[PDB]
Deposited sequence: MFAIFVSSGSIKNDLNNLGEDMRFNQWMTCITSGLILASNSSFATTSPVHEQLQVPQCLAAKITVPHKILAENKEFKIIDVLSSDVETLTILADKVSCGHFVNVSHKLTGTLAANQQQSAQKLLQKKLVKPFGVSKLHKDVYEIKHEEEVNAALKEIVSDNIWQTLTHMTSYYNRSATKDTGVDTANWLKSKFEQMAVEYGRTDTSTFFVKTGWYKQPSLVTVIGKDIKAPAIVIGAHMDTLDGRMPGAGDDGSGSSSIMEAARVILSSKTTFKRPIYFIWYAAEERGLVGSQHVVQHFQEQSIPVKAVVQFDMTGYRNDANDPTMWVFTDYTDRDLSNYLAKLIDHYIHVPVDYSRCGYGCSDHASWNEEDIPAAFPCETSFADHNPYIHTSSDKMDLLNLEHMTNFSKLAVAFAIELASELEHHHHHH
């Protein structure tokens, strides 16, 4: 009766695991382990202190067709030219002026008022419904007629991922902007992680929705479910896109957009592992050109956030973040991850970055 899940874990982290678990398979860099669903969260907290990477939930990949067991499936898992330019300055600059910082603060206020937004809880489902209806309200408010919304289910997890699209009938490789809506169990305001990213892209979506521009690509805004369970929701979303043959040009992930290590240092960080090099380089250019704050670089290890799900399928993916890995918000995944830690100018800048990304890339066709 108790649910088991299977996780892919870097060796540096797996060596320090004390909760009960079976090892299904192992190579130089990874173990794949079997744990109780109820123990997964302690692993997240351990991963935070070990700081050598997180994990990926591979439960769904082990039930894949043309396979016998789990241990044999686990062993097979562990075995063995796009140009980006800045060409829409006038349009991007006008759009950036439309961003309303108070909207981000108010969205964030609502999200943190749930006890938590865990993928196994009804409040996790409420969050998804609330985001969906907010998107739909805004589309009506600004008379944008080419939008659509739908849920992507998350297996036995209650909370679905939310997929929204602007330009639903445009047949061209899509631009994707993402964040995750969930938190851990217990009291988890999840303001920094990832209420801030969720709120930043919601306001970016508002600005695109108020636009009268016809783009050359569809633009997706996605709030993934169950990121904290090991990227479960983004894995289902990527699978949905593959099954439905929806081509994707470029993906950006917003996971934590509000914490400044130094309140007067507005530096934005570009993460360089499990991301596309050219697209990451493009993000730095966007920040420099449109946001006019410094750029620095960091790495955050395996299973870091939902961009990794896209990157694993060789889809160009990038990840800007509020801090370096070394200086990250220390109250992450605790009840102290609150709005009072955060900087609204920082969050607004990430929201501006989402809009520039969307406009620049969706306005061009290869």
TODO: Counting from 1 along the deposited sequence, give me every gap where there's no C-alpha, start to finish.
DONE: 1 to 46, 127 to 138, 425 to 430
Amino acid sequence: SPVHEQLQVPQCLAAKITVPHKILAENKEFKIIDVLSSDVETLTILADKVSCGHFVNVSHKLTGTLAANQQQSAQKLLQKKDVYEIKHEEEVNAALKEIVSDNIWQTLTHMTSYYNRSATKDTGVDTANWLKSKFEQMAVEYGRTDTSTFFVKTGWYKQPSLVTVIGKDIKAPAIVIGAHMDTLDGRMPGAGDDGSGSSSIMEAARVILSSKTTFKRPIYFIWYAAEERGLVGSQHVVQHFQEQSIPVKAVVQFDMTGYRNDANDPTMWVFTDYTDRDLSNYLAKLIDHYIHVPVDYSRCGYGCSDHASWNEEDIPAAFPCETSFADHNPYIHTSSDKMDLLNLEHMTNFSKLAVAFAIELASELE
From here on, numbers count along this sequence of modelled residues.
Open item on the list: Please compare 280 to 288 with 86 to 94 and name the stretch with the higher mean C-alpha B-factor in the deposited structure.
Closed with: 86 to 94
Task: Given 204 to 212 and 102 to 110, the range whose Cα B-factors average higher in the PDB entry - done: 204 to 212
- [ ] Name the one of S298, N27, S309, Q70 with the greatest CA B-factor according to the PDB entry.
- [x] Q70
- [ ] Among the candidates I246, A225, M188, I175, give the one with the maximum CA B-factor reported in the record.
- [x] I246
Task: Relative C-alpha B-factor of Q11, binned into the chain's lowest, middle or highest third - done: middle
- [ ] Would you mind checking where the Cα B-factor of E141 ranks among the modelled residues of its chain, as the lowest, middle or highest third?
- [x] middle
Task: Position of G303 among the chain's modelled residues by C-alpha B-factor, lowest, middle or highest third - done: lowest
Open item on the list: Please place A317 in the lowest, middle or highest third of its chain according to the CA B-factor in the PDB entry.
Closed with: lowest
Open item on the list: Please place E366 in the lowest, middle or highest third of its chain according to the CA B-factor in the PDB entry.
Closed with: highest
